[PDB]
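Remarks on the overall topology
Here is what each chain is made of, one letter per residue.
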Amino acid sequence: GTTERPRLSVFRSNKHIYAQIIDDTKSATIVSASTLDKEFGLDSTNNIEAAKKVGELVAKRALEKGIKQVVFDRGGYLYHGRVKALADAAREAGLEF
């Protein structure tokens, strides 16, 4: 996120929704969590409940890293579907970036 597209990223990793926050122009987190996370274990991120578990944890630390939370990439939309949870966790936390 320093040439490609510095911002909170939200994409669907195969059958699960990967929540990924990458700093913008100031700073933030450069990681997150999805089905490939630990706390989730063997399959779980399929439902934002899990991806949101850590996807949010990383999110929180993200809004504080830079200054404020980051903005969803493209698959995050205004929030209403599934991917929304990821960008939402950061959203509700305070989406500014």
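The rules behind the values
Residues numbered from 1 in each chain as written, not as in the entry; some residues may be left out. Heavy atoms only, no water. UniProt positions renumbered as here; feature names shortened; annotations may be inferred. Helix = DSSP H or I, 4+ residues; strand = E, 2+ residues; numbered from the N terminus. Rg over C-alpha atoms; globule rule 2.2 N^0.38 Å. Buried < 20%, exposed > 50% of the residue type's maximum accessible area, 1.4 Å probe, protein only. Contact = heavy atoms within 4.5 Å. Areas by Shrake-Rupley, 256 points an atom, 1.4 Å probe, with all protein chains shown as cover. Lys, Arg positive; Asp, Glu negative; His and termini not counted. Charge placed at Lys NZ, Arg CZ, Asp CG, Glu CD.

Method of determination, as given in the entry header: solution NMR.

Going by what the PDB entry lists, the protein is known as 50S Ribosomal Protein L18 and is assigned to Geobacillus stearothermophilus. Taken from UniProt, the Function comment for the protein reads in full: "This is one of the proteins that bind and probably mediate the attachment of the 5S RNA into the large ribosomal subunit, where it forms part of the central protuberance." Within the UniProt record for the protein, the comment given under Sequence similarities is "Belongs to the universal ribosomal protein uL18 family."

The secondary structure content of the protein amounts to 2 helices and 3 strands. Beginning at the N terminus, the succession of helices and strands in the protein can be written as β-β-β-α-α. Computed over its C-alpha atoms, the radius of gyration of the protein comes to 12 Å, within 12% of the 13 Å expected for a compact globule of 97 residues. Principal axes of the C-alpha set define a box for the protein whose edges measure 35 × 25 × 25 Å. When the 97 residues of the protein are sorted by exposure, 45% land in the buried category. In the protein, once contacts between residues fewer than 6 apart in sequence are set aside, the share between residues at least 24 apart is 50%. Surface accessibility of the protein: about 5900 Å² in total, with carbon and sulfur atoms responsible for 46%. For the protein, the distance from the average site of its 16 positive side-chain charges to the average site of its 13 negative ones is 3 Å.

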